[PDB]
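Read the single chain below, which is given as structure tokens and is the form deposited without ligand TMP.
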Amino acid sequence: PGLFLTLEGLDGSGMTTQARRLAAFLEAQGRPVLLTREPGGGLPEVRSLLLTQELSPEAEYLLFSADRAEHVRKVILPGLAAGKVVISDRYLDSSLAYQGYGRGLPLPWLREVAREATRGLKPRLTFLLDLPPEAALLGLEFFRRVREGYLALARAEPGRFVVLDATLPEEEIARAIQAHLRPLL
């Protein structure tokens, strides 16, 4: 059957740690799991470029989208087809937050592009690890737009987003995530 779960938030919100703890939880339960991430899960070279290059928001988004399109087709959908729980550390909501709310691109266009890039694939649950930019493990105005952008996305889809306080101890966050996930297993 397969279950698709994502993690989202600012860099340093503990997403990689929590994706690893979630994967381990599922391993403990005997449930096959695939852990993956964006950018780079589709086209690793995109990650390397976005690291080095200054690009227009449109070009940045379109590169992210290409990576995502490959990621969905070659990694995520085949994992789900095998009945795995697939966890992605970042997915489309990251582009919406950073390129949309952060860099100002219009959301309906972002979503139209994404419609064919993702083959319409949506996470069943998305865990947003919310904190102020100053708490992540001026220049801050961008990151505040992104943080508020994520909160905006979450309030628009309360049936998909679970918003957690990312400044809580690591173990407590993991237990909150497990609690939210248990009904879906």
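In this text, residue numbers run from 1 along the sequence as written.
Pick one of none, 1 to 3, 4 to 9 or 10 or more for the number of deposited-sequence residues not modelled between residue 156 and residue 157.
The entry has no unmodelled residues between residue 156 and residue 157.
Looking at the entry, does 157-165 or 21-29 show the higher mean C-alpha B-factor?
The entry gives the higher C-alpha B-factor average to 21-29.
Which of the two stretches, 36-44 or 61-69, shows the higher mean Cα temperature factor in the record?
Taking the mean B-factor of the alpha carbons in each, 36-44 is higher.
Highest Cα temperature factor in the entry, among the options 151, 138, 121, 131: which one is it?
Answer, based on the entry's C-alpha B-factors: 138.
Based on the entry's values, in what third of the chain does the Cα temperature factor of residue 125 lie: lowest, middle or highest?
It falls in the middle third of the chain.
Mind checking which third residue 49 falls in for C-alpha B-factor across the chain?
Its C-alpha B-factor, which the entry lists for residue 49, ranks in the highest third among residues of this chain.
Would you mind checking where the Cα B-factor of residue 117 ranks among the modelled residues of its chain, as the lowest, middle or highest third?
Residue 117: CA B-factor falls in the middle third of its chain.
Omitted from view is the form deposited with ligand TMP bound, to which the following refers.
Tell me which of 114-122, 35-43, 22-30, 152-160 has residues with heavy atoms within 4.5 angstroms of ligand TMP in the deposited complex?
Stretch with heavy atoms near the partner: 35-43.
Check whether residue 144 has any heavy atom within 4.5 Å of a heavy atom of ligand TMP in the deposited complex, and answer yes or no.
Result no; residue 144 lies far from ligand TMP in the deposited complex.
Does any heavy atom of residue 101 come within 4.5 Å of a heavy atom of ligand TMP in the deposited complex?
The answer is no: residue 101 has no heavy atom within 4.5 Å of ligand TMP.
Would you please decide whether residue 64 lies within 4.5 angstroms of ligand TMP in the deposited complex, comparing each non-hydrogen atom pair?
So residue 64 counts as contacting ligand TMP.
Residue by residue through 42-80, which ones have a non-hydrogen atom no more than 4.5 angstroms from ligand TMP in the deposited complex?
47, 64, 68, in sequence order.
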